[PDB]
């Protein structure tokens, strides 16, 4: 069997990986590290008018989540960017120019969702890189599928990665898991090798 000291080592290593942003890979799309969205190059935000911000009871304005939130680590239910329908896109200026090796997408767990269903999750998606920061025509880096029956956090490795560098990338959502009104993106990460 295993010894007591061995069990403690296994637990220590597991919690250290947990504390390293769960997956232990640097994220060049993290907003606090220097990444940002290019708002004019994202899908229109799904505006719902169900959340009202006020002062002293007097109405003010509606509350909605902007594309910035896909670059932010809080992923409690509703801390997600929504666009209308099952196709949408977001363009991100990474914090540094890198050779991308993987991306990570996550969604809220089924256990924290009504009826244990996450139909607003992205399904098929594609990642594009823009060699020149201001060019409008991107290069396909990879196509993947977020598995609604998989772990909440899923990492996707570029199958045959072609080592040039990029600082501007696009997350293009092609389908969702069946929600008839919107698609929700909780957090998008980009991993790779710096210069």
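Residue numbers count along the first chain shown, from 1.
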Got a sec? Mean C-alpha B-factor, which is higher, 141-149 or 26-34? 141-149
Stretch with the greater mean C-alpha B-factor as recorded in the entry, comparing 7-15 against 177-185: 177-185
C-alpha B factor of residue 157, ranked within the chain: lowest, middle or highest third? middle
Sorting the chain's CA B-factors, does residue 72 end up in the lowest, middle or highest third? lowest
Residue 120 CA temperature factor, ranked by third within the chain: middle
Could you say whether, by C-alpha temperature factor, residue 86 belongs to the lowest, middle or highest third of its chain? highest
Would you mind checking where the Cα B-factor of residue 110 ranks among the modelled residues of its chain, as the lowest, middle or highest third? highest
